[PDB]
Amino acid sequence: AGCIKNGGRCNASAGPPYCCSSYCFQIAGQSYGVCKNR
């Protein structure tokens, strides 16, 4: 599906599918990750 390189949304705690540039930054608090370049 579509994705965002400079600000994508992902979730490594609920089945991480794939980000726009293979990167995903998530922290341990609300279960939220952001995608970026590599």
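Residues numbered from 1 in each chain as written, not as in the entry; some residues may be left out. Heavy atoms only, no water. Residues with missing side-chain atoms left out of burial classes, pairs and counts.

Structure determination for this PDB entry was carried out by solution NMR, as recorded in the header.

The deposited entry bears the title "SOLUTION STRUCTURE OF PAFP-S, AN ANTIFUNGAL PEPTIDE FROM THE SEEDS OF PHYTOLACCA AMERICANA". Entered under Function in the UniProt record, the comment concerning the protein runs "Possesses antifungal activity." According to the UniProt record, the Sequence similarities comment for the protein reads "Belongs to the AMP family." (UniProt positions renumbered as here; feature names shortened; annotations may be inferred.)

*Asks:* Is there a simple way to think about the side chain of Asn11 in this case?
*Replies:* When you line up the elements, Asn11 lands in the loop between β1 (8–10) and β2 (23–27). Separated by 2.6 Å, the side chain of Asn11 and the backbone oxygen of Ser31 make a polar contact. (Helix = DSSP H or I, 4+ residues; strand = E, 2+ residues; numbered from the N terminus. Polar contact = N/O pair within 3.5 Å; in protein donor to acceptor, adjacent residues only side chain to side chain.)

*Asks:* Help me understand the pairing of β2, please; the structure alone is not making it clear to me.
*Replies:* Consecutive side chains of a regular strand alternate in pointing toward one face of the sheet and then the other. Judged from the five bridges that link them, β2 and strand β3 (residues 32–36) form a sheet pairing that is antiparallel. Of the residues in β3, the one forming a bridge with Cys24 is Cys35. In sequence, β2 turns back onto β3 through a hairpin of four residues, with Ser31 there showing a positive phi of about 70 degrees. (Pairing = 2+ DSSP bridges.)

*Asks:* What's the story with the packing of aromatic side chains in this structure? I'm lost.
*Replies:* Aromatic rings considered in pairs are described by the distance between their centres and by the relative angle of their planes. For the coordinates displayed, the defined rule picks out one aromatic pair. Ring geometry for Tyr23 and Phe25: centres 6.1 Å apart, planes at 15 degrees, overall stacked. The class for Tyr23 is partly exposed, based on a relative accessible area of 29%. In this structure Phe25 comes out as partly exposed when scored by relative accessible area, which is 47%. (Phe/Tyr/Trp six-rings, centres within 6.5 Å; stacked < 30°, edge-to-face > 60°. Buried < 20%, exposed > 50% of the residue type's maximum accessible area, 1.4 Å probe, protein only.)

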